[PDB]
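Below you'll find only one chain, the form deposited in one PDB entry, shown as structure tokens.
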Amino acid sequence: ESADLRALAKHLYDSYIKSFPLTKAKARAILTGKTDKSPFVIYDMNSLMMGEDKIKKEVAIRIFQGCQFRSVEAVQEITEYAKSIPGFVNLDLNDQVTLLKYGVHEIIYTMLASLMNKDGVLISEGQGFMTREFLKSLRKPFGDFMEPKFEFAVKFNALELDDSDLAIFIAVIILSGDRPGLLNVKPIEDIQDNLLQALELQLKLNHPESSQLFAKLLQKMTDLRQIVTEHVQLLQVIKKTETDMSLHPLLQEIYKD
């Protein structure tokens, strides 16, 4: 039944709303200009300095730590979402762990697009906006931790997915049976099969004009895995140049690979 597939879509969206406080629909309204929601914009060093008057070491390192602590919170949100995916909690525990390990960054980058346009990124739950140019002007190697994410986001945002669509898509990502070290691949793939079915139907119904959106969206997984691999190499660089800089343990355990 299509109807079981719709009930799954409905369940996952419902769970997405409950897990991620800043949705795409909120993010767009803030970016588009829909009076009370307007972000303070950070574009230079004085602007950033002033930003702490109302928004919530060294500048580039302070930014990078902010991004770290934010990534940690998003892991917690994504972890809470994953538990809602039917069957995920019933899987072997080591695999639950493994699927989060490989899935969580791919999700962070997918959802972070929702917060981005061509000229910058929302911060502090939408209260701020930090320009692309400001981030790109940052002392090397930090200069371009963010540029690939912008490049992905402008391409990805042109698919025009809304939160409904994304709730099913990020569920597909977590439950990838091709993750390294997985003990029982088969139960994971049967869940994903079901999830892929749900996504396909949801896109057909919600984007009836958008030809082969399902395939176009699945092909984006490639862009996501490229973004992760480049990040990790960048992290290796920082750990050696910035020997005085500390990485959150949670994050270190994900990257251990």
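Here, rigid core means the biggest group of C-alpha atoms that superpose within 1.5 Å across both forms. From 1 onward, residues are counted along the sequence shown.
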At a threshold of one third of the other compared entries, does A27 come out as unmodelled? no
Can you check if, in at least a third of the other PDB entries compared, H207 has no modelled coordinates? no
Unmodelled stretch of the deposited sequence separating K56 from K57, binned as none, 1 to 3, 4 to 9 or 10 or more: 10 or more
Just how many deposited residues go unmodelled from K34 to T35: none, 1 to 3, 4 to 9, or 10 or more? 1 to 3
Where do the C-alpha atoms have the higher mean temperature factor in this entry, in 44 to 52 or in 191 to 199? 44 to 52
Select between 239 to 247 and 18 to 26 the stretch whose C-alpha atoms have the higher average B-factor in the entry. 239 to 247
Can you tell me which of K83, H105, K149, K140 has the highest Cα temperature factor in the record? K140
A74: C-alpha B-factor third of its chain, per the entry, is the lowest
Divide the modelled residues of the chain into thirds by Cα B-factor and specify which third, lowest, middle or highest, holds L217. lowest
Where the record places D144 (Cα B-factor, split into thirds across the chain): highest
Once the chain's modelled residues are ordered by C-alpha B factor and cut into thirds, is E133 in the lowest, middle or highest one? highest
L112 CA temperature factor, ranked by third within the chain: lowest
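Not on display, but discussed next: the form solved in complex with a partner chain.
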Looking in the bound PDB entry, any heavy atom of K118 within 4.5 Å of its partner chain? no
Consider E80 of the chain shown here, and say whether it contacts its partner chain in the bound PDB entry, taking contact as heavy atoms within 4.5 Å. yes
Taking its partner chain as it sits in the bound PDB entry, is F134 in contact with it (heavy atom to heavy atom, 4.5 Å or less)? no
Determine whether any heavy atom of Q127 comes within 4.5 Å of a heavy atom of its partner chain in the bound PDB entry, and answer yes or no. no
Quick check on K186: with the core superposed, does its CA move 2 angstroms or more between the shown form and the other one? no
Core-aligned C-alpha movement of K240 between the shown form and the other one reaching 2 Å: yes
Core-aligned, is the CA shift for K155 between the shown form and the other one 2 angstroms or more? no
